[PDB]
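Written below as structure tokens is the structure these notes are about.
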Amino acid sequence: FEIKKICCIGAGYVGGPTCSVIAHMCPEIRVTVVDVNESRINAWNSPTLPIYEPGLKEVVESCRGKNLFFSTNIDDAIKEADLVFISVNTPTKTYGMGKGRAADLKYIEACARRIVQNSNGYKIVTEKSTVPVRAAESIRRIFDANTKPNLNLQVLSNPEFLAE
Amino acid sequence: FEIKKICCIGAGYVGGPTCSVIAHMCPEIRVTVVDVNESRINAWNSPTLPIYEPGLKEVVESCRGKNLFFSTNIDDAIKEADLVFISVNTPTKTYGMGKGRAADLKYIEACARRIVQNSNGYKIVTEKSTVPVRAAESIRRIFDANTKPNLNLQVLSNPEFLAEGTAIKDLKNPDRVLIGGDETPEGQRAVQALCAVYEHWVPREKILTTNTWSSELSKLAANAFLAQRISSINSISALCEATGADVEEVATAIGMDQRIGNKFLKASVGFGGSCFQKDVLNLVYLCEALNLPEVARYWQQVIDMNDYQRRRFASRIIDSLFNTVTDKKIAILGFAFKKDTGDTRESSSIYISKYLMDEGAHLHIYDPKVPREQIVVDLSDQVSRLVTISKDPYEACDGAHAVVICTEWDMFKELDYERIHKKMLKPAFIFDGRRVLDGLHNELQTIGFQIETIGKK
Amino acid sequence: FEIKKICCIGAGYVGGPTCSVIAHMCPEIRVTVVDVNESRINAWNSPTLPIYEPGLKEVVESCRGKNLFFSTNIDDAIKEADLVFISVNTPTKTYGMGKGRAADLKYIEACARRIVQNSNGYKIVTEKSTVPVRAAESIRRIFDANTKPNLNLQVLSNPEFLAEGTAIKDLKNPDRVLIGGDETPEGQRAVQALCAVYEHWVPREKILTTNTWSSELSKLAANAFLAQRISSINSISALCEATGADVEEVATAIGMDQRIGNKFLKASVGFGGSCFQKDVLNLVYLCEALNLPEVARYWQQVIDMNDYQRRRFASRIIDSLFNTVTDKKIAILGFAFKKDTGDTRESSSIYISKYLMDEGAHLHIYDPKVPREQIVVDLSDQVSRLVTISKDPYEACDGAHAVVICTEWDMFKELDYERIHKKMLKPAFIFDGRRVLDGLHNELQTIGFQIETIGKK
Ligand SMILES: NC(=O)c1ccc[n+]([C@@H]2O[C@H](COP(=O)([O-])OP(=O)(O)OC[C@H]3O[C@@H](n4cnc5c(N)ncnc54)[C@H](O)[C@@H]3O)[C@@H](O)[C@H]2O)c1
Ligand SMILES: NC(=O)c1ccc[n+]([C@@H]2O[C@H](COP(=O)([O-])OP(=O)(O)OC[C@H]3O[C@@H](n4cnc5c(N)ncnc54)[C@H](O)[C@@H]3O)[C@@H](O)[C@H]2O)c1
Ligand SMILES: NC(=O)c1ccc[n+]([C@@H]2O[C@H](COP(=O)([O-])OP(=O)(O)OC[C@H]3O[C@@H](n4cnc5c(N)ncnc54)[C@H](O)[C@@H]3O)[C@@H](O)[C@H]2O)c1
Ligand SMILES: O=c1ccn([C@@H]2O[C@H](COP(=O)(O)OP(=O)(O)O[C@H]3OC[C@@H](O)[C@H](O)[C@H]3O)[C@@H](O)[C@H]2O)c(=O)[nH]1
Ligand SMILES: O=c1ccn([C@@H]2O[C@H](COP(=O)(O)OP(=O)(O)O[C@H]3OC[C@@H](O)[C@H](O)[C@H]3O)[C@@H](O)[C@H]2O)c(=O)[nH]1
Ligand SMILES: O=c1ccn([C@@H]2O[C@H](COP(=O)(O)OP(=O)(O)O[C@H]3OC[C@@H](O)[C@H](O)[C@H]3O)[C@@H](O)[C@H]2O)c(=O)[nH]1
């Protein structure tokens, strides 16, 4: 089994530069970075990127629209994907248990739900962040409980080590 | 010698049904029940009663108008009466010495004064409540200090043992009737006159008679004993959870020992009701005051356990929703402190709702008897942002992640769980706070629920 | 599968009685009771049994040498047996972790090792104790590690509910029999084999079956519920003394609530016995180990109350004797932890004797069933100077400043107190730490006794 289409939900400091580089290094792979933040997506597609990162602009411009894409169309990106990265943010809870301290997993949970909804057959789903807090476990729970016939979702952890 | 007219001040859970039952068993007696709350009196006379209580409608209609009355005319009823019951609330003090712990006698005290401003000659005056704290003494202190010639008022203590949802049954065959009065020739004649009333439907073997203080301690103590058992079994429910046992099984084996008995061993999200918590608080308070901190310390645990049982239950719900419940829709089935009443005082359902609201949950509450505008009042922006009162249970479980059963309403046992499931977000949790879905366990798993329940795994 | 031979390791207060009743109710089955302690075994084989227990002499003397045997030959009894009871003692650790709290399992362990050494083929091994504290698991650990081909040892749990003093009547008519075994085909077959022993005299609906853990938890919990009831009522006895009430009247009142039951509500100087303190102490210790500190501190109150109640009573004694006993002759009536047994383990009498001895009293101790050598061991040079063991009670109160009734022996109610009052120093005090002298109160005041009693000022 070979990955030929990659989707990444989350075009942040992690999702963006990680996907850009996978694209640079693997020309036969299609890499699609998605995000709900329309503004951040257009900026990725503009001559001014939404984050500053030395040497990033060269990488993006060497494969954007070639094997690297940025888009607000999350649904179709997941649908055609072999691997789905989850590369979203887990803000600190502002009330209740673990307030000021624990991570809020709500955006990971929303990615898992959306993935199940837009998925059939076999896909690999990889949580990729700098602080993974029970992320893979939580993805698995959603997937286990939202079975479809011939949907086979594989859950992996692939933590990101880069420093901004 | 002999009681023919009864007044009852307070038309609440205690005054209302108990006088209703006296009427029914004692046709020769004219019973009048009075309250400042016109709105409550009106309902007592309407075809819809202000409280829900099985058999209560039929008992009231059986003799309202004939020998049973409700009116806002306090003065006239006091005036014509041989016996005046006080059955009023005593809210917890909001300020002063023992703010937030001791009962406030400010309504019981107002009652006694109003009695003297409307009484001449002989009257028997009886304190009657679920939790009596120095109630007889503070009626007496007021009678002693408002002395009119020819006025002879005798003070009796007559604790009410009934449990809401089972009031009529309890009233009609009680395990015992406790009446305390001064051990003077005069107190004895008033005690005996009170006996003679109950003697209409209760065997004399079961009528116990003491002095007034020993009467109140007896009820303080007994209520606490009942609460201790539930806290005790709830402590075991945490142990069972942490080790693979099942508290229902542990309780069967405990209860079959006749020296312990098998009642009051149903583990739960925690006791509520207007009786237990305040009864322990008061007993604690009393012991601190009397220089008995070992005893205070002893009974305080009954409350700490209950608080912790509530908290542990909440925190399991939140855990399962992987510590985030912002905008997640959760159903709350059951708001009363217990089945077969509309009463929410100190209900565990409130407390769960509060811990789930702090997590930002969208709560959808259904209860078949609690008035919608009472749920709203109990949970008080935050309420208007997070709370919906559901009309039926199915719209409460529509779009929901979790179903939380907080009251043991028998109806919950036979909801359409298949239908509820189809429409829940997955994974779909039922948290049975009452062990009410037991044995139904296999069917629910099969359907596709994750069933968490107290004292199992 | 058919049990023909039973061996029981531990010929104590549990094993001797229990095995005798099985022998008596199962005449087809050979019943062998073994022990390392030879004077114990010798006594069981003698006209004078080593423990006192109503009805026991009759039952033994009816089976001994027929199907009931007491031997020191542990190896051969294990070797031939189909079922092997383990019924040995578990003393409190005297050092290391859990010092003074956790039970020491060194004897359970040596039994299981001995059983593997002496066994071949199929045996059922059953742990029977009043307080089982990870017993079954411990046995299993050893059996699992020491295998032999065709050796098949199956472990069950069978907690004993008998109370000393009524052992025979409890074993012949238990409220229930509790038996745990693995949720395995082999476990289930061993469980049946034991039910069938019990089914010779216990009806099937009174026998409960479960896993080993649940069974041990149920026992730990029930024992605890029982001691709570006593601490609970004892706490109300203090409160009664502070406010001028009678705990016997309050207890009567509480007790008639059929949800509380009327049993185990006799206030006392304190519960004793091998069971209760050690049960709660182990329940607490375990809760802490499972990270349940709220459950831990809940149960701890049961013990703390009982320590207070003992103390209150000791110092209440010293206050009535003008704040000093530092040379006075005091009578101790009752050394055993409860009536109708010569057992003294954890007895409240040991604690009152001792406190009074720190304080300079000369004690004269009478019990009708406790050997005098046992009283000397329980108190620990001081014994030399202060303690005297009396032969009858009237010898004990000759010269005395006060009588202190520690144990509810029925003979104490029927003493001629006028004779006693005569030879007692004056004014003559009786401290009734058991309420055995209720109703006789005035009569004794008439004689001029000044009488102090628990739960009554
Ligand atoms: N972004 C934050 O504000 C934040 C705060 C605390 C912790 N974290 C955690 O620390 C590391 C930061 O990651 P990042 O710096 O690249 O964060 P980032 O916030 O810069 O990128 C996260 C992107 O995911 C997008 N996103 C979130 N939920 C989505 C959804 N459901 N569908 C589509 N897009 C969605 C967000 O719009 C955001 O653009 C993360 O790896 C995570 O472990 C992030
Ligand atoms: N008041 C509280 O908040 C509260 C909370 C817990 C327990 N309790 C205890 O419960 C028992 C009584 O129970 P209940 O359920 O029937 O109370 P309730 O609140 O249901 O009924 C009390 C009735 O007394 C009426 N009332 C009060 N003072 C009055 C006065 N001076 N004159 C005329 N009417 C007056 C009120 O309007 C009300 O209808 C007592 O033991 C009480 O102390 C009270
Ligand atoms: N020892 C204690 O202080 C104690 C206290 C509370 C509870 N318990 C538990 O509750 C029950 C109380 O038992 P009991 O009152 O009959 O105690 P017991 O002291 O009266 O009898 C125990 C018998 O076991 C014998 N024994 C011990 N180890 C042995 C061995 N290795 N081989 C052969 N015989 C051995 C002892 O000699 C003694 O005769 C027990 O089943 C025990 O597990 C023990
Ligand atoms: O010697 C130092 C090094 C770093 N820092 C500070 O420590 C903070 C973190 O700096 P980093 O170099 O680690 O940059 P990052 O925080 O972007 O990366 C860090 O978090 C994400 C992980 O995936 C990276 O492996 C980790 O280095 C910065 O504020 C930096 O100024 C110091 O004050 N002193
Ligand atoms: O086994 C049990 C028993 C009771 N409970 C809870 O304990 C609380 C009290 O329930 P009760 O049945 O005792 O009802 P009440 O509070 O109406 O009556 C209580 O106070 C009034 C007294 O006069 C009654 O004798 C006493 O029972 C409820 O929250 C109930 O659900 C349990 O959780 N488990
Ligand atoms: O109401 C009571 C009851 C009991 N007690 C005291 O509590 C202590 C225990 O007495 P028990 O009647 O329970 O006798 P035991 O200790 O022999 O039995 C206890 O432990 C072993 C278990 O099998 C029994 O079921 C349990 O009762 C004694 O000190 C007794 O005098 C009270 O002080 N008041």
Side-chain angles (χ1 to χ4, degrees), chain A residues 13-14 129-131 159-164, chain B residues 13-14 129-131 159-167 170 174-175 219 222-223 226-227 229-231 233-234 251 263-277 279 306 309 336-341 343 345-348 407-408 433-435, chain C residues 8-18 34-37 40-41 50-51 72 74 85-92 103-111 113-114 127-133 135 159-160 164 219 223 257 259-260 273-279 282 343 345-346:
Chain A
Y13 285 81
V14 163
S129 62
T130 70
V131 197
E160 188 42 51
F161 292 98
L162 76 82
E164 307 179 5
Chain B
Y13 284 88
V14 161
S129 59
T130 72
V131 187
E160 184 49 54
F161 285 105
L162 75 95
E164 295 175 16
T166 63
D170 298 335
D175 275 346
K219 186 78 155 71
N223 291 330
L226 286 153
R229 298 178 59 89
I230 298 167
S231 284
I233 206 56
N234 280 341
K263 308 299 195 298
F264 260 54
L265 298 168
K266 329 234 193 90
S268 87
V269 49
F271 60 74
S274 69
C275 176
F276 289 163
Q277 177 178 282
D279 184 284
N306 203 62
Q309 176 82 349
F337 82 102
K338 64 175 276 187
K339 81 173 185 170
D340 291 355
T341 179
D343 195 352
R345 300 175 285 177
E346 283 316 328
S347 165
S348 280
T407 316
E408 75 279 24
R434 292 294 192 167
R435 295 308 299 250
Chain C
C8 171
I9 320 170
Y13 283 92
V14 163
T18 299
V34 303
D35 213 292
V36 295
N37 173 342
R40 198 148 255 210
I41 289 291
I51 75 173
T72 61
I74 298 152
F85 279 115
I86 303 163
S87 278
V88 305
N89 55 315
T90 42
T92 310
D104 187 344
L105 283 175
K106 58 179 175 190
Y107 301 148
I108 307 295
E109 209 177 84
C111 281
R113 292 178 182 289
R114 195 139 187 192
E127 195 277 326
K128 164 176 307 289
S129 58
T130 67
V131 190
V133 179
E160 193 38 64
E164 294 186 14
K219 189 59 164 72
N223 287 353
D257 184 326
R259 311 163 305 168
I260 290 153
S274 36
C275 189
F276 282 170
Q277 186 177 267
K278 172 186 145 182
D279 190 275
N282 278 280
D343 189 8
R345 286 169 297 180
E346 283 321 320

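Numbered from 1 within each chain, the chains take letters A, B, ... in sequence-line order. Counting starts at 1 for both ligands and their atoms, in listed order. Reckoned from all heavy atoms, side chains included, excluding hydrogens, waters and symmetry mates.
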Would you say the side chain of B:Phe161 lies within less than 4.5 Å of the side chain of B:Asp175, judging by non-hydrogen atoms? no
Ranked by distance from atom 4 (C) of ligand 3, the top protein heavy atom is C:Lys278 NZ, 3.2 Å
Below 4.0 angstrom from a heavy atom of C:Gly12, which ligand 3 atoms are there? Numbered from 1 as shown, please. 16 (O), 20 (O), 21 (O)
Would C:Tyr107 count as a polar contact of ligand 3, with the cut-off being nitrogen or oxygen pairs under 3.5 Å? no
Rounded to the nearest 0.5 Å, what separation is found between the SG atom of C:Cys111 and the CG atom of C:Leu105? 11.5 Å
C:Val34 and C:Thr72, any side-chain heavy atoms less than 4.5 Å apart: no
Is B:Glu346 near ligand 5, meaning one of its heavy atoms is under 4.0 Å from it? no
Is there at least one pair of N or O atoms, one from C:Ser274 and one from ligand 3, spaced under 3.5 Å apart? no
Polar proximity ligand 5 side, B:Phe337 side, N/O cut 3.5 Å exclusive: yes
Go through the structure and list residues passing side chain to side chain donor-acceptor pair (under 3.5 Å) with C:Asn37, not counting sequence neighbours. C:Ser39
Spacing of B:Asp343 atom CG and B:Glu164 atom CD [to the nearest 0.5 Å]: 4.0 Å
Location of contacts on C:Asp35 toward ligand 3, heavy atoms closer than 4.0 Å: both
At a 4.0 Å threshold, what atoms of ligand 3 neighbour a non-hydrogen atom of C:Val36? 32 (N), 33 (C), 34 (N)
Identify the protein heavy atom lying closest to atom 11 (C) of ligand 3, giving its residue, its atom name and the separation to 0.1 Å. C:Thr130 OG1, 3.4 Å
Short version for C:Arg114: what comes under 4.0 Å of ligand 3, heavy atoms counted, is neither
What residue and heavy atom of the protein are closest to atom 31 (N) of ligand 3, and at what distance? C:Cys111 SG, 4.0 Å
Rounded at 0.5 Å granularity, tell me how far NZ in B:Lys266 sits from CD1 in B:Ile230. 10.0 Å
Side chains of A:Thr130 and A:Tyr13: does their closest heavy-atom pair fall under 4.5 Å? no
Proximal atoms of ligand 5 relative to B:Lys219 (non-hydrogen, under 4.0 Å): 22 (C), 23 (O)
Which residue holds the protein heavy atom closest to atom 13 (O) of ligand 3, what is that atom called, and what is the gap in Å? C:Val14 CG2, 4.0 Å
Donor-acceptor side-chain pairing of B:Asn223 and B:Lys219 below 3.5 angstrom: yes
Short version for B:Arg434: what comes under 4.0 Å of ligand 5, heavy atoms counted, is side chain
Would you mind reporting whether B:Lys338 and B:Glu408 have side-chain heavy atoms less than 4.5 Å apart? yes
Where ligand 5 meets B:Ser268 - atom numbers and elements under 4.0 angstrom, heavy-atom basis: 33 (O)
Which atom of B:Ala251 lies closest to which atom of B:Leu265, heavy atoms considered: CB-O, 3.6 Å
Under 4.5 Å between any side-chain heavy atoms of C:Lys128 and C:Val14, yes or no? yes
Heavy-atom check, side chain of C:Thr90 versus side chain of C:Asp104, under 4.5 Å: no
From CZ (B:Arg345) to CZ (B:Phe337), nearest 0.5 Å: 7.5 Å
For residues B:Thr407 and B:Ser348, determine if any side-chain heavy atom of one lies less than 4.5 Å from a side-chain heavy atom of the other. no
For atom 41 (O) of ligand 3, what is the closest protein heavy atom, and at what distance to 0.1 Å? C:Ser129 CB, 2.9 Å
Taking a cutoff of less than 4.0 Å between a non-hydrogen atom of the residue and any ligand atom, is B:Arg229 in contact with ligand 5? no
First locate atom CZ of B:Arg229, then atom OG of B:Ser231, and finally report the distance between them rounded to the nearest 0.5 Å. 12.0 Å
Could you tell me the residue and atom name of the protein heavy atom closest to atom 20 (O) of ligand 3, and the distance to it rounded to 0.1 Å? C:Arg40 NH1, 3.1 Å
Polar atom proximity, B:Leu162 to ligand 5 (N or O, under 3.5 Å): yes
What I want to know is whether C:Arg345 and ligand 3 share at least one N or O pair that is separated by under 3.5 angstrom. yes
What protein heavy atom lies closest to atom 27 (C) of ligand 3? Include the residue and the distance to one decimal. C:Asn89 OD1, 3.4 Å
Among residues at least two apart in sequence or on other chains, which ones pass salt bridge (charged side-chain N to carboxylate O under 4.0 Å, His left out) with B:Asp170? none
Does any N or O atom in C:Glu164 lie less than 3.5 angstrom from one in ligand 3, N or O only? no
Return the set of residues passing side chain to side chain donor-acceptor pair (under 3.5 Å) with A:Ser129 (not counting sequence neighbours), or none when no residue passes. A:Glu127
Beyond-backbone contact of C:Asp257 with B:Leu226, side-chain heavy atoms, under 4.5 angstrom: yes
Can you name the atoms of ligand 3, numbered from 1 with element, that are less than 4.0 Å from a heavy atom of C:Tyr13? 15 (O), 16 (O), 20 (O)
C:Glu160 heavy atom under 4.0 Å from ligand 3: no
Do me a favour and list the nearest non-hydrogen protein atom to atom 26 (N) of ligand 3 with residue, atom name and distance? C:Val88 CG1, 3.8 Å
What atoms in ligand 3 come closer than 4.0 Å to a heavy atom of C:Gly10? 23 (C), 24 (O)
Check ligand 5 against B:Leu265 and write out every atom of the ligand that is under 4.0 Å from a heavy-atom position of the residue. 1 (O)
Enumerated ligand 3 atoms positioned under 4.0 Å from heavy atoms of C:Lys128: 41 (O)
N/O donor-acceptor pair under 3.5 Å between C:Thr18 side chain and C:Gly15 backbone: no
Taking OH in C:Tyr107 as the centre, count heavy atoms belonging to other residues, nucleotides or ligands within less than 6.0 Å. Is the count above 12? no
Report yes if B:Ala267 has an N/O atom closer than 3.5 Å to an N/O atom of ligand 5; otherwise report no. no
Could you list the atoms of ligand 3 found under 4.0 angstrom from a heavy atom of C:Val131? 7 (C), 10 (O)
Under a 3.5 Å threshold, I'd like every N/O contact between ligand 4 and protein atoms, with atom names and distance.
unit_1, atom_1, unit_2, atom_2, d
ligand 4, 17 (O), A:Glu164, N, 2.7
ligand 4, 23 (O), A:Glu160, O, 3.1
ligand 4, 23 (O), A:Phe161, O, 3.4
ligand 4, 23 (O), A:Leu162, O, 2.9
ligand 4, 25 (O), A:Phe161, O, 2.7

Of all the heavy atoms in C:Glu346, does at least one lie under 4.0 Å from an atom in ligand 3? no
Nearest 0.5 Å, please: how far is CD1 in C:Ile41 from CD1 in C:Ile74? 8.0 Å
